[PDB]
Structure formats: C-alpha cells, structure tokens
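Each of the two blocks below gives one form of the same protein chain as structure tokens; they are labelled structure 1 and structure 2.
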Structure 1
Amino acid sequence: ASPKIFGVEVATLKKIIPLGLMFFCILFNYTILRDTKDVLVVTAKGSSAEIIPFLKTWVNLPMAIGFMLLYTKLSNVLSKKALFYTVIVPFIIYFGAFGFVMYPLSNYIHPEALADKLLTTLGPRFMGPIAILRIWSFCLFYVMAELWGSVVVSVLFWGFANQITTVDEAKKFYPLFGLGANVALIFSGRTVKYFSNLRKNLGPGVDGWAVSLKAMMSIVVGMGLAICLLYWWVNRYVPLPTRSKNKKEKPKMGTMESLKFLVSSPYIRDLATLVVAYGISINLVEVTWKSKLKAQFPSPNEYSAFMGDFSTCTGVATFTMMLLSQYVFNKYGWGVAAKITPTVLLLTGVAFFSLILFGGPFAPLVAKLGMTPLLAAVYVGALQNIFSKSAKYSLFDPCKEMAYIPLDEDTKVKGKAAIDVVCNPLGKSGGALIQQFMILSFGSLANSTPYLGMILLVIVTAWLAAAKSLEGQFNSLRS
C-alpha cells in the first residue's frame, strides 16, 4: 500500500526531491561563483577582459586536465561516498576561506609593483597576460569557480544522479532537474544583485566589494553544505539500487590509453567535436562581450549587480526554453535540435559583431532606444549569451545526454566526465587561444573583431558539419 502522492510513488519522491533540490543548490553556488569570478578578474586593478583569453588556455585548461587526472586517480582509491566529499568539501573550504581570509589579504599577496614593471618593459599589448601574475589569487578563484561548473554540476551531480536513478526515472525527472535549477539562477541572480548593492553604510574605509564578496561566499558555503547534507540523506535513507553491470570489472589499470579508447570511437569523436565547437564560438563572442562589460561597469559592484541581473534573465530564458524543448524534440528530431544551438549562436554572434563593427554609422537607432553605443553593445551581447546558453542548456545538453544512451555503461561514466572536464575548458581554451593570438598580433581585442566573425562562421559551419555526421550516425543506430 505504498502511497503515490501527485501520482508519483513516495519511495521515488524521496529519491528525486532531494536530487533536484541538490542540483538547485549546485547551480545556486555556480551562479554566484561564475558571476563573481568574472567580477574578480575583469574588474581588478591592472586587469581587463583580455585576461580571459589567457586565463582559459594557460591557467584554466591545465588545471582542468590536472583535476581530471586527480579525480580519476581518486576514483580508484576512495568509495563513491568518499569521492563526493573529498571533491566538494575542498571547494567549500576554499570559497569560504577566500571570502573571509584570502580576499582581504589580496593587497598583500598580489605583486602589483613587479607587474607594473613588466607592463612597461613589455608594453600595452601584454596587459592581459601580465594580469594573470597581478591577481594570481583571483585567477585561482577563477579556475576553482570554473571547476565547480565542470565537476560539481557535471561530474559530481550527474555521476550521483545516474547511479541512484533508474533509466525510467532519468527519462522523467531529468528535464525537471534543469527546470528547478534555473529557478536557482533566478534566485541566485537576485542573491548576487542584492549582496552587490553597495550598502553605502560606511562609505569611506571598508571596501564595498569586500563585504559583498564575504556575504556571497558565506552562502556558497551554506548552500554547499546543503549539498553535503542532501547527499548524506539520500545515501542513508534512500535505497541505493546498485544495478547490476553487464561488463566485467577487468576494465581497469588504464590511465593513458583510456584517452586512446575514448578517441578511437568515431562517435565520441563527434560528441567532442560539438562540445568544442560550442565553447570555441561562445568564447569568441563572450570575451569581447565582457570587454564591453568592463567598459560599461568598471566597478566590481556595478559589474556584479549586472551579472546578477544577467543570471536572472538567463534563468528565466532557460526555463522557458527547457519548456519549449520538450515539444521541439518530439516534433522535429535530434538532428534539428542539434542544429538550433549552432545556428542561434552564429546568428546572435554575427548580429553582435555587426553592431560592434557596423553600428557606429547606425547610431540613430541606438540613440532611439535611449542608449549609448557601448550600452547597446552590452545589452546585445547579453542577449547573445542569454539566447546561446539557454539554447545550449535546453537542446544541446539534452542532445548531448541523448547520445550517450547507446553505449557501454563504463565508457560513458569516464567518457562524459572526460568530455565535460577537458572539452568545455578545451573548447573555451581553443577560442581563447584564437583570441589571444589575435590580441598579441593586432594589439587590442577591438582591432581583432573583424576576424572574430570569420572564425565564428568557420567553427559553426563545422559545428553543423559535425552534427550532421553525428546525426547520420545517431540515425543509423536506429531504424
């Protein structure tokens, strides 16, 4: 006589409710972290948004590869329960320590004098690459905030999700997980903006962004502990299926040719192609957008309030479009839904670049909407990222996870951990490498925006050419 509250069994409810509530808390922290990490490195003194091309390739990329190897080594020395804590607790300690301890000490540990000497000896083109050494502690926060979205959002959660959840519940409640975790963006974006509004209490003296950063990093710990408490509960009071595997345990002792196995497949060879094409294109657009952001919001608090507003808008757009996807998929197909994201990103990016390039003459409409050309660029790039990233979260990520179904059950576990951890940073680092070569070749990033559009078309025209290759092979493992 098991009850079926809301038509859903009360035994599965004890498994799904704390799981979507966890993914709510996980994306609540990431919304604070991924917003603060941009406020931290872009609006610092002596740094610009041109640090981002160099942050992602030389700092964020090898630390993601370094974490992959450490997490893979940690997977075969700790239990599944212990592996979750030993990955997520150091994140909680770091962000809590950064708010309360490491950020106030930044003025003591940041070599602002040695970097200003490098800036003169090496010139204006190198403000970006030198800025990594100025605010290296803020650059470490950047990679840790980047690793939260790649490990906690993707590896830690979905690894625990796909373990306790059956295939039938994963087809019914996973779409609800994204819906409830975009309410997290709406609420954490309001949280980022609320705690970014300068108190104006004690206008002189105490840093306004310091009290802002301490309040938010306190929530990151509190909402991060909620992830650990929601994890302790499902593992103690919810029956774990321990579903029987089909393969032997003999696949082991692989640390270097696991990558060779993962690249031998012409299937993962196109999954990774899509996961890099997105990330290359998104970087190519968003680094320029964030340069416009720094030009428009120079103080950390203005930038953080705008990032909170932008996070709320991203949450609402992604909620709407995750509601629309569950009709787009059924009506059209995987191949059309895999075309929507590259096309929307390409069109939004070319519209943004054709406003940075060919909008100066078309200033009449910019003034008509009561804006400056820079504010118009800021809002157009904000819409670019909102549309592209909501499109991702609602069709590309569903298309990605709807392609791992016809595989082995051990290739997928360490394959879409690999794909995430070293293909999202890999794609964004490829885009960042393009942008940083163009920075060191043409001086500023503003001189490089005509060539950003040509490269954007090349990556997208292969993004579609690789989705069709995966489509013609996602269709051929079906009737």
Structure 2
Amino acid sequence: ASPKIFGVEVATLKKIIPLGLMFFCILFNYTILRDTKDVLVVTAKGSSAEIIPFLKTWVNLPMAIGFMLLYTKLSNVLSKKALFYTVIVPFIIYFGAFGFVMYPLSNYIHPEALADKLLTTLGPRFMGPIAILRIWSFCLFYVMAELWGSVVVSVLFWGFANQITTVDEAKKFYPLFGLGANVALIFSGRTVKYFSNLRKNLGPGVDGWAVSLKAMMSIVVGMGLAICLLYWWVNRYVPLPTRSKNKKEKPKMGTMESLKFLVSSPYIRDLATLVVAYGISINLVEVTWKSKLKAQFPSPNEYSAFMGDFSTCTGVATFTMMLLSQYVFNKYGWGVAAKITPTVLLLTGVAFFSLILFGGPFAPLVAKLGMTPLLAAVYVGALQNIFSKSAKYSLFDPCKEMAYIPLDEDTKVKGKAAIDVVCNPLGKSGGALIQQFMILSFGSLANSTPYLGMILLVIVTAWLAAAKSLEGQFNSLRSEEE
C-alpha cells in the first residue's frame, strides 16, 4: 500500500516537489538575468534600446545556433548527468565572475574611444550596431542571459522533466510548474527591486549599480547552485522510469529539411506561424517600449527597480491568467483561446503606439491623471507586455501544447522538437531584423513608430489567419477520431 499526503502519492512527491522547486529556481535566475541584461545594454552610456534589434540577429542568434551545435555534439560524448553539469555550471561561473570581476573591469575592456570614432564617421543612426562593439562584454552577458531561457529553461529542465515524469504525471503537475514559475516572478521581482534601490550609502565614485549587480549575481550563483543541488537529489533518491533506447533513434531533423517538413505538413506550418508571429510582434512593441523605459529611468538602478516591479506585476497577472485559463478554455474553446493572445497583443500594442504617435493632440488625461507623457508611455507599454506575456503562458502555450494531441506520435514528436528551437529564435530574430531595417532606413526607432504599428497589423493578421487555419484542422482531427 503506497502512502499518500495531500491526496497525492508520497513516491511521486519526491519527484514533482524537487522538480517544481528546481523550476522555481531556474525561473528565479531567469527573471533576474532577463531584467539585468536589459539594464546593461540599454542604460549603458553610448548605448540605447536600439542595440536590442542588432543583438537578437547579429549576436545571440549565431551564438544560440552555435550553442545548439556544441550541445548536440556534447550530447553524444557525455552522459545525461554530465550534460546537466557542463551546460549549467559555466552559466553559474560566468554570472558570478561577471558581477564580481567582469563588470567592475568593464571600463578597462570596452573600447569607448574606437566606438566614438565609428559613431562620428558613420552617423547618429548607427549607435545601435556600434554599441555592440562599445559594450561588447555587456552584449556577451546579454547572450548568456538569453541562453539561460533558451537552454536551461527550454532544453535542460524540460528535457530532464520529460525524461523522469510519467506521461500522466506530466499532464497533472506541469500546469502547476507554470504556476510556480510565476511565484518565481513575484519573488525575484521583489528581489530585483530590493537590491536595485540605491543604498543611502553614497560613494565618491562607487557605482551604486556595481554593488547592486553583484548582489543579484550572488543569488544567481546561489539559486544556480540550488538547481545543481536539486538535480543531484532527484537523480540519486528518485527512481527514474526505465524507458529504453526505443525512441525512433531521435534524428533531430536538421534545419533546411526541418522547415521543408514545416511547409510539407499544413498542420505544423500554422503552428510555427503562430510561434513566430508571437516573437515578431512582441519585439516590435517591446523594443520601442524599452526605448521609452531608458528615457524614463536613465539610471541603471532606477531602470532595474522598475524591471523588478514589472516582473512582480507580470508574475501576478500571469498567475491569475493561468488560474482562469481552464475556465476560458472549457467555456469558449481552443479556437477562442488561440485568438486572445493575438488580439490582446494587437490592441495593447496599437494603444501604446497611438499614445507614442498620436499623443500630441490627446493629453488632458495623462495630465490630470498625474503623469508625464513619457511615464504614461512607460506604463502603457508595461501593461502591453504584461498582458501579452500573461496571455502567452496562459492561453498561447496551452493552445500550442494542446494542438499537438490529435497528431500521430511520430509527426508530433518530430514537429514539436522542430517548433521550439527553430521558431522561437527565428521569430525573436525576425522581429528584430525588421527593426534593424527600420532603424537604418528611418534613422531612429521613434521615426519607425508609424510603420512598426503597420507591420504589427500584418504579422497579427497572418497570426489570426493561421489559428483559424488551425481551428478547423484541430477540430477536424479531434472530432473524426471520436
């Protein structure tokens, strides 16, 4: 007779509890690194939020690809446990060495003089791409912070959570991991703010952000060591399933042949279309919103404190949306649920763009509501991003990992692997390539606002007319089998 606590088997609590706590610690570091990497590249002197479009395509896109080939080559010469110590520990070493060594010694290694010479000979519209060379070590931090969410979150954990949880355990407790992932946004958001508030202790030239940064990178090491400690616990005290070698000798189906499969199957092309549209449009709004953020919070510490507040608000909103997701679904349907994220993104983004653009002959509201137009833009963009992401993880991702079900477990297993590592970087990089062309054609990101709103309609229109193309293929396969 197996014992039970809280209506759940004790034997499966030793697996799920350290797994959700480890997912908590992973999203705790992620919520700290993702706020920090925006502080570094945007609030750096000589750098603005226009470095983001060029970081996504020219810097971290080749590094993310180059990381996926190093990981793929290491996935054959290392064991499963050795793989989750060679890909997780250099991250902990890097961020610990950054806040304590690399960042302090950054006015020693950043070519501020050469970047200024390049800035004059090229023009004012090149501050974006040139800042990549100006603060290159901050750009390397940006890549590693991106690679945390791309590898530690998406690859390392879910690759380990899927190899140890039963198919029915992965169906009941995975919705609870996302719930606990946003508790790691409320807390780490409060953590980021607490360590971002400038200590009343002033310095002659003491960087208030240097002491603030290493107070965060210490927790990243501290929580990163908990991930390695929890992972070691679950791999020695938890009896894992004995699923044999028989998983179709997993042939990760290259890249070119991968999107060849994409176009071949009409069911996967639309899903990839949704996954890239969310990733183009979110960037199209978010980079301009971060430009406004830089305008409102020039200091690194004020920007970081706002990032912590924003992370806490995002966590609360996403927790509420995950709670009401399995009422929206059950009431309205997959087709309705797949439309809100495009719709919320479109509406919030166009409201934010029409407050930036048509903010001139509309300002009694922002005036009597106790704000400046810049602060109003900051708050509207923050609400845009909060609603878009709380819809993402509560309606879009549920729709994505619900549309896989009616597919055959060969097409499903290959297509699901093809979606993540391709479409997520592909969407996040195309949405930035668009903005690179915008910046280098119209000069600044603010001169690109009328068009950034118009590509937003085009991407969302193809995003809306791809779920309907899938609401009718999801319904077809899920009804005929009945």
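The term rigid core refers to the most C-alpha atoms you can superpose between the two forms while keeping them within 1.5 Å. Along the sequence of structure 1, residues get numbers from 1 upward.
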Q | From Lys331, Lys117, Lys171, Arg236, residue displaced between structures 1 and 2 - CA threshold 2 Å or more, rigid core | A | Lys331
Q.
Would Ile65 count as moving between structures 1 and 2, using a Cα shift of 2 angstroms or more after superposing the core as the test?
A. no
Q: Indicate whether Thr43 shows a C-alpha shift of 2 Å or more between structures 1 and 2, with the rigid core used for the fit.
A: no
Q) Superposing on the rigid core, does the Cα of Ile132 end up 2 Å or more away between structures 1 and 2? A) no
Q. What is the C-alpha shift for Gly453 between structures 1 and 2, rigid core superposed, to one decimal in Å?
A. 1.0
Q. So if we fit the rigid core, how much does the CA of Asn76 shift between structures 1 and 2, in Å?
A. 1.1
Q) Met253: how far does its C-alpha move between structures 1 and 2, core aligned, in angstrom? A) 10.6
